[PDB]
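Only one chain is included here, represented as structure tokens and corresponding to the form solved without the ligand.
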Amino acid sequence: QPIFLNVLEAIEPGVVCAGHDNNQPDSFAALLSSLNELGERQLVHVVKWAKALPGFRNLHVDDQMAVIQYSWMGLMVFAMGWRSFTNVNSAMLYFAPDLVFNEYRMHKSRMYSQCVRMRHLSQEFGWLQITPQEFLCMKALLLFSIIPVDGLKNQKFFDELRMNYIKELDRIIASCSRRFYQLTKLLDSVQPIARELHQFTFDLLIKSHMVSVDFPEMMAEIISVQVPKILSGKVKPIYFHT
């Protein structure tokens, strides 16, 4: 319909596999190493997605990387939750076609609770009958949903961008307002999830030698330089609802 929807559809990243060896048995080290690797792979695509987003180049260059660097966990969880929805109706987590988590992997990854949280999120796409277009605008909005408490290098450009992505979400919803409450509530629910994964990946990186869980270059860096900013409270999500 609009140029906006056109673009989100056009730029939506395709299939990313994890490289996981599905012949080897399930083990914390194998699974988490494959996850970390899927993380690196998807990071590459999120950067490119983000950069091709309407209005994105309005942001100051510093803010362009910051915003991505802070929001990846949520975008990735969110996108994954939708894959898990469309591909398997939320019965398992469809991280990638070569890394689908059944309950046994949920428990073997040592992230069962976090996993059940994501499965639930995935179910929400069903329970609310989220349209493919609702999904894409929502995921777009997620990128503008976490920021330093100090604001950004150029706070005004960000606010404008964030304002218009809200407007678009609203235009594509357009009592019809329970809809908006719900979706905004759905969006807020990504954040407590991402915070758990944040603490978890961080702890994991710290003891990563002691468990033989393997971290790739870009993952290690972001998790040690950027993720701690979030957990120390220097960077916080923007919630719709208090």
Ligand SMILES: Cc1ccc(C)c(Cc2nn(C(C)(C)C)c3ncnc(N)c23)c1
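One-based numbering along the sequence shown.
We do not show the form deposited with the ligand bound, though everything after this point is about it.
Check the shown form for clashes with the ligand: superpose the C-alphas around the site so the partner sits as in the bound PDB entry, and report blocked if 3 or more ligand atoms are within 2.4 Å of backbone or C-beta atoms, open if none are. Answer open: no ligand atom comes within 2.4 Å of backbone or C-beta.
Judged by heavy atoms and a 4.5 Å cut-off, are 92, 102 and 107 together in contact with the ligand in the bound PDB entry? Heavy-atom distance to the ligand in the bound PDB entry: none of the three under 4.5 Å.
4.5 Å heavy atom contact, residue 11 to the ligand in the bound PDB entry: It does not: once the ligand is placed as it appears in the bound PDB entry, residue 11 has no heavy atom within 4.5 Å of it.
The ligand contact at residue 47 in the bound PDB entry, heavy atom, 4.5 Å: Yes, residue 47 lies within 4.5 Å of the ligand in the bound PDB entry.
Using a 4.5 angstroms cut-off on non-hydrogen atoms, would residue 173 count as touching the ligand in the bound PDB entry? Taking the distances in the bound PDB entry, the answer for residue 173 is no, it never comes within 4.5 Å of the ligand.
Residue-level contact is defined here as any heavy atom of the residue lying within 4.5 Å of the ligand in the bound PDB entry; does residue 191 satisfy this criterion? Close contact is absent here: in the bound PDB entry, residue 191 is far from the ligand, nothing within 4.5 Å, heavy atoms only.
Contacts with the ligand in the bound PDB entry - residues in 112 to 129 whose heavy atoms fall within 4.5 Å: The stretch does not touch the partner at all.
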